[PDB]
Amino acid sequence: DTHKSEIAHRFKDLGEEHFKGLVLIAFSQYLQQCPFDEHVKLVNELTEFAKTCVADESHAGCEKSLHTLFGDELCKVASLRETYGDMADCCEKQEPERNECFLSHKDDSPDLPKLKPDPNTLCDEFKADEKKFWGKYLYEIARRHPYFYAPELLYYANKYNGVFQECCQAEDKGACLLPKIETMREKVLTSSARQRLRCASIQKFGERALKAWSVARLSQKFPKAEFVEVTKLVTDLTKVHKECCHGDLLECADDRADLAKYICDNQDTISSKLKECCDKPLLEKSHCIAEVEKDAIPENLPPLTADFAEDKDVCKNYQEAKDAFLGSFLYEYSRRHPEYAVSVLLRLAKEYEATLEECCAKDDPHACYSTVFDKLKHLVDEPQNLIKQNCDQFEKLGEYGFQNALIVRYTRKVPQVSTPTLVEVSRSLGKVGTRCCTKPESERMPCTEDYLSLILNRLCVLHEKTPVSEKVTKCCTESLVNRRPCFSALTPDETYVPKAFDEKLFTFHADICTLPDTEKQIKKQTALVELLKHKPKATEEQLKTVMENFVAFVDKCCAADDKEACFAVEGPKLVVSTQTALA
């Protein structure tokens, strides 16, 4: 009963272009510092060997796993040690330990040069060779995002050649291109942050957590899908993610297709909105199905309380399959409330779990769990007043001013975190203003809950690598679903000794007037953070004073005939007045 050669099953099923694409992504994520040219060699080689195993299945090595073959090739890289250190001892291990070891060196903050894309040299390179322009893009996104969802990477990379196909024929390439890549670039970062949380769930909270996520997400989109169908799409959707998150990129891709294919062939029992989606070429259909509008709530739905609170058999039901009965609750809940954010529904079910565990203990469980829904109904509203405040502060200050607002709020909160992580997180938190505060009122909170969890997950991820605040560790490990309130309930502690003053953190040169705009703000926001690790009690009135004092200074010195002499003299002046005002 042996369908023998895994490389050959995959090469056939995906076809060559997708095989090559996915292989280049996989090498790109394992070795992020490597030049492009070296990866193209590793891909072509493995690809030859793939064809040979399609031609002859018995030929040597054609039965080795996909890791072993991927792994064999990583081990032959002349520059693994003197380029990747401790990584080249992975080569001393056997399968599957050798593969675990490679993964664990994926770098979530790789140090990579910022692509300042220029449309002329860039439109130059797509005409020269469209298929390599295509690969270079794959490799550049994937090496800076090493857990990127890989079948989507091909999707976007095609969308991308798509822009150049339409824009390099116009009379102002520039004016045509940059708005489209920029709208594109935002969707890609959002999609990578999404995937990164999917993988954190499983790696850190179990398959049970991801799976539970898909019940929420699915039930909500496909409320007229009955539970067994939902259950089924869930099984196959957790598998696709598990494999994606584990670097099994070829199995993942092929299993997403089989699912895209299963969904479209079962429209009538799943949802009525898919008919347009179920009609594109492969990449686009899958993206369509993941982007698709939600279906209508069936009309005569039996009130929630029926099965889950009055049922004189709840505890019995629950004990016989805890996870199914809870999945069932999540299904039931999610399909009736497509308004809610997932993070919220998964928080509703978790609380619901906690209630049976402890009610089912007591002699009269029914007296205990009959009342759960009010408990639950109060969960929704805890968030709401957070929202109002932050959108006011946001409208009040604008995006930049709000980022510095968060930078201060979050540095007093978790002063130990490193300065680059505090900057990046606060910037991203502040864009949640622009994302969510112009939305309809009853929609602002769901929006907010949803992205915070991508952003809080990035904080944990950046921070689990080099663990230094106990506060953050606790909020990251304690729960998946309760991070946002765990991070909002944190206070500035008086258990933090201020950082000793460091001159080099508050010295500025004529370069500051040179930087790209993002860089300029990031240089300033760093110094903002370093100022609050040093002067952690400094008031809001005082900081107001410093920030203005600081704007004037940069303005002043970015205008003079000798800027260097201008920073030299005014720099120390600034330090003095600040030290005085704050100390």
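Residues carry their position along the shown sequence, with the first being 1.
- Of the two segments, 295 to 303 and 195 to 203, the one listed with the higher mean B-factor is 295 to 303 (C-alpha atoms only).
- The PDB entry records a higher mean C-alpha B factor for 115 to 123 than for its counterpart among 115 to 123 and 441 to 449.
- Among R484, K431, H241, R81, the highest C-alpha B-factor recorded in the PDB entry belongs to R81.
- Take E395, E332, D108, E100 and read off each C-alpha B-factor from the entry; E395 has the highest.
- In this PDB entry, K221 carries a Cα temperature factor that places it within the lowest third of its chain's modelled residues.
- In the deposited entry, the Cα temperature factor of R435 places it in the middle third of its chain's modelled residues.
- Among all modelled residues in this chain, the alpha-carbon of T580 has a temperature factor (C-alpha) in the middle third.
- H18 sits in the middle third of its chain by CA B factor, as recorded in the PDB entry.
- Annotation for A60: C-alpha temperature factor in the highest third relative to the rest of the modelled chain, per the entry.
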